[PDB]
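**Student:** Dropping in the first section of the assembly, placed as in the complex:
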Amino acid sequence: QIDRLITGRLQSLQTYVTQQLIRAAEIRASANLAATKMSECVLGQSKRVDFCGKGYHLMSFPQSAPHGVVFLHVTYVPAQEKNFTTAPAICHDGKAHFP
Amino acid sequence: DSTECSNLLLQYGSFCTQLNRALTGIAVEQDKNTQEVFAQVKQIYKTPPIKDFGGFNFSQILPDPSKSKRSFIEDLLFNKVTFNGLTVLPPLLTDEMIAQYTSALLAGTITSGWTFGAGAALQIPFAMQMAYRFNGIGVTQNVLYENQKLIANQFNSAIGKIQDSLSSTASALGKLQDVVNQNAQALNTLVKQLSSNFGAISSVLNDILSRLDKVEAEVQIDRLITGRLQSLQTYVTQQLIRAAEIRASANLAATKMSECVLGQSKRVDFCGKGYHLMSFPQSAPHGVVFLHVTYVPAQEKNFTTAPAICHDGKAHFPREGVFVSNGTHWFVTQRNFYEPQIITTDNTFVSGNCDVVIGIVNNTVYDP
């Protein structure tokens, strides 16, 4: 009878440790991303689109949270556009000018 | 659905619940993976009725109203990839909804450049958007406007080669087909393991219950329960490992959406080989296809070069270019395309006297 309890309790514990190994691999991928967000968003100014939140990135600030991190990403968003006619070049004394 | 076996299976406790919680997390993740790649666009942008894109021809990658409403290339991609308590579940986004996202991403990209990812979509003429993407690789924008027919052709031809490759090949799309194959093989292995005895008298549950009286039949069924529960734990553990690989691949695809489609990446080899110009999303079964457009420098010539030049004892350095000589005369060019300017006081800047610089040369600087 004890050998049936050992068999089932040992399988119960193997199932748990396997799912904790698979879950710790997911949390490591998230910690590697959070460490990269701190180097590139907080310690610098990222040119990578949507890496440090939507809009053009200005800076970001880390705040601690239990089991994690929070980034406050400060970004520049263009707000009030108007329409204009446009041209690729302008022609002066028979020569093409580019901006 | 044997009541004799079902009562013995209760003695194993939570295992049967916790396998379904595990597979539920896999199923819910697949919808999130698909959402994080394709749902990166705030509004369902649609293309103009006019097609004045400066000679570039997107008709192979844009929606076809006569078709789901997929593009021509998305139909090649959808054609080239091809029950014992087991159930499959539908995705949250239908293949038509995924095609509306690749449509909106593509219409936004063509009509408004990188601007629709950073805020409101701002219209810009496509040849002027491509001129800015040339500045983003360090090639001056006049190199596009002076070569626009030759860049519009050869883009159109390079897109035609995608259709011909996907029409003629039988292996190139195999990275999506292998994901289909592993999941079919996993369910066939799980079902074939119902035929196994695991050392029991038979693998058929009514056969056991016909041959043997209650106390011995209970001993034989507990072997099938042990082996079938080990068979199902083996499947769910392997799907948990296989789903972690697909999630890492979906996070890479979501990053290629943001940085290659919604932007212009300066990261080497991130958005295809060569200096990246832009890329286009196309949907495919269980995945995404990126058509990465890049600039490749192609017909090089050798030149003599110098790091600085002496004028009136002053050392001159180029502001943006590099100094080169054709053998007799000295010029400054932009660095990624040969275009020689005559050296002037506004092509260059001064820093100190000649004597410090290793390999300086003597040539006139014209002051305009």
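**Tutor:** Perfect, I can see it now. Residues are numbered from 1 along each chain as shown, chains lettered A, B, ... in the order given.

**Student:** Name the residue of chain A that lies nearest to chain B.
**Tutor:** Chain A approaches chain B most closely through residue A:49 (3.4 Å), counting by CB to the nearest CB. C-beta coordinates here come from the backbone N, C-alpha and C atoms, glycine included.

**Student:** isn't that residue right next to residue B:117, touching?
**Tutor:** Yes - with contact defined as CB atoms under 8 Å, residue A:49 counts as touching residue B:117 (5.6 Å).

**Student:** Which neighbours do those two have in common?
**Tutor:** Common contacts of residue A:49 and residue B:117, defined by CB atoms under 8 Å, 6 or more residues apart in numbering or on different chains, comprise B:258, B:262, B:263.

**Student:** Turn those residues into a markdown table, including neighbour count and distance to chain A.
**Tutor:** Shown next, in a markdown table, are the shared contacts of residue A:49 and residue B:117 (neighbours: other CB atoms under 10 Å in any protein chain shown; distance: CB to the nearest CB, whole Å):
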| residue | neighbour count | distance to chain A |
| --- | --- | --- |
| B:258 | 19 | 4 |
| B:262 | 25 | 5 |
| B:263 | 23 | 3 |
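
**Student:** mind putting those residues in TSV, secondary structure included?
**Tutor:** What follows is those, written out as TSV (DSSP: H, G, I helix; E, B strand; the rest coil):
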residue	secondary structure
B:258	helix
B:262	coil
B:263	coil
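
**Student:** residues in contact with the nearest residue to the residue of chain A closest to chain B once chain neighbours are set aside?
**Tutor:** Spatial nearest neighbour of residue A:49, excluding adjacent residues (CB to CB, 6 or more residues apart in numbering or on different chains): residue B:263 at 3.4 Å. Listed by CB under 8 Å, 6+ apart, the contact set of residue B:263 reads A:48, A:49, B:114, B:117.

**Student:** Which two of the residues you listed have the greatest separation?
**Tutor:** Largest separation among the contacts of residue B:263 by CB to CB: A:48 and B:114, giving 12.2 Å.

**Student:** center of chain A - which residue?
**Tutor:** residue A:51 (4.8 Å; CA atoms, centre = their mean).

**Student:** Quick check on that residue: phi, psi?
**Tutor:** Main-chain torsions, residue A:51, degrees, to the nearest 10: phi -70, psi -50.

**Student:** Here is chain C, add it in:
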Amino acid sequence: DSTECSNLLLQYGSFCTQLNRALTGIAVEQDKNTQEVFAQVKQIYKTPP
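**Tutor:** With chain C added, the chains above now look like this:
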């Protein structure tokens, strides 16, 4: 290397084949991993004398 044991192991079905298939997938991926890192260059460039 026992025939008496091998015929009892054969009552468990796909388990032995799918263990070998998993280790083969791991092994083929180690060559892939190494080629994705090092084989990034088209031609074997050489330095001058």
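
**Student:** From chain C, how far off is the residue nearest to the centre of chain A?
**Tutor:** Residue A:51 sits 23 Å away from chain C, going by CB to the nearest CB, to the nearest Å.

**Student:** cool, and residue A:42?
**Tutor:** From residue A:42 to chain C the distance is 29 Å (CB to the nearest CB).

**Student:** cool, and residue A:27?
**Tutor:** From residue A:27 to chain C the distance is 23 Å (CB to the nearest CB).

**Student:** ok, now residue A:92?
**Tutor:** With CB to the nearest CB as the criterion, residue A:92 and chain C are 46 Å apart.

**Student:** ditto for residue A:72
**Tutor:** Look at residue A:72 and chain C: by CB to the nearest CB, they are 36 Å apart.

**Student:** Residue A:94 too?
**Tutor:** Distance from residue A:94 to chain C, by CB to the nearest CB: 45 Å.

**Student:** what does residue A:37 give?
**Tutor:** Taken as CB to the nearest CB, the span from residue A:37 to chain C is 25 Å.

**Student:** do residue A:45 as well
**Tutor:** 28 Å.

**Student:** now residue A:24
**Tutor:** According to CB to the nearest CB, residue A:24 and chain C sit 19 Å apart.

**Student:** do residue A:1 as well
**Tutor:** From residue A:1 to chain C the distance is 25 Å (CB to the nearest CB).

**Student:** swap in residue A:19?
**Tutor:** Counting by CB to the nearest CB, the gap from residue A:19 to chain C is 18 Å.

**Student:** Same check on residue A:3?
**Tutor:** For residue A:3, the distance to chain C equals 19 Å [CB to the nearest CB].

**Student:** ok, now residue A:13?
**Tutor:** Applying CB to the nearest CB, the value for residue A:13 to chain C is 21 Å.

**Student:** now residue A:69
**Tutor:** 30 Å.

**Student:** Residue A:4 now?
**Tutor:** Residue A:4 is 20 Å from chain C, by CB to the nearest CB.

**Student:** Kindly report the same for residue A:98.
**Tutor:** Counting by CB to the nearest CB - residue A:98 and chain C are separated by 35 Å.

**Student:** Let's add chain D too:
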Amino acid sequence: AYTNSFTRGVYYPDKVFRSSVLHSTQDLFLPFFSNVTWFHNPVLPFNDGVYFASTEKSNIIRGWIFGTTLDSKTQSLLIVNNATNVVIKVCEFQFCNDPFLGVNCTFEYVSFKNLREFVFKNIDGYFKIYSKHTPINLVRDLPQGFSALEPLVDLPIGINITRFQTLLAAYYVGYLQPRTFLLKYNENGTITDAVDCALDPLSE
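**Tutor:** Adding chain D to what we have so far:
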């Protein structure tokens, strides 16, 4: 005398329909490209089972006997292709060596241009018989090609067999070995090809 078997002696191993599929199974089969003894009526070993074949339309070949002593001391199985239909009986037989053309009992049952092929085996007291018929271009040896043999009878006779003999103008014999074969079932559930897995490394 010996001749090659080619890809012959495959039979439908079970009464299961399968369609447009490849199925892998282990059973007593004649190994591909093995050689077979050719004869022109000795007592022979039976081993695990026999593939027998002949070209016949005179019916000089007429039947078989199967057993251990074949005669008197214990029961044996008699089979005869009587021109009305096949006759089968199990008795403590004491009949002559073989009947020929002028060129207690415990069970009973009643049913050249063509190659005729038969497979006989005994498993757990059931005697299994399979057969097929085909025209042939060249009488000297078994023809290079494929054709699956279909079950005739599944007799509950229980009696032991280790030797057999023909009752009877030339015929082939080869022995079934425990082999794994991969069988191809087409859209109509006929077997149309096979791979003998232990033949060569391509077959593996």
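
**Student:** before we move on, what SS does the closest residue in space to residue D:164 that isn't next to it in sequence have?
**Tutor:** In space, residue D:164 comes closest to residue D:66 once its chain neighbours are excluded; the distance is 4.6 Å by CB to CB, 6+ apart. State at residue D:66, reduced to three classes by three-state DSSP: strand.

**Student:** what number of residues lie near residue D:66?
**Tutor:** Other residues near residue D:66 number 23, with proximity taken as other CB atoms under 10 Å in any protein chain shown.

**Student:** list the contacts for it?
**Tutor:** With contact taken as CB under 8 Å, 6+ apart, residue D:66 is in contact with D:46, D:76, D:77, D:79, D:120, D:122, D:127, D:161, D:163, D:164.

**Student:** Do I have it right that residue D:189 meets residue D:18?
**Tutor:** Yes - in terms of CB under 8 Å, residue D:189 counts as a neighbour of residue D:18; the distance is 6.0 Å.

**Student:** Between those two, which contacts overlap?
**Tutor:** Joint contacts of residue D:189 and residue D:18 (CB under 8 Å, 6+ apart) do not exist.

**Student:** follow-up on the earlier one: okay, the residue nearest to residue D:164 and chain C: tell me how far apart.
**Tutor:** Applying CB to the nearest CB, the value for residue D:66 to chain C is 29 Å.

**Student:** and if you look at residue D:100?
**Tutor:** Computed as CB to the nearest CB, the residue D:100 to chain C distance reads 47 Å.

**Student:** Repeat that for residue D:164.
**Tutor:** Separation of residue D:164 from chain C (CB to the nearest CB): 29 Å.

**Student:** just checking, that residue is part of a strand?
**Tutor:** Yes - residue state for residue D:164 (three-state DSSP) corresponds to a strand.

**Student:** That one bridge partners, please.
**Tutor:** Counting by DSSP bridges, residue D:164 is bridged to residue D:44, residue D:66.

**Student:** For it, which residues are in contact?
**Tutor:** Applying CB under 8 Å, 6+ apart, the residues near residue D:164 are D:43, D:44, D:46, D:50, D:64, D:65, D:66, D:67, D:70, D:120.
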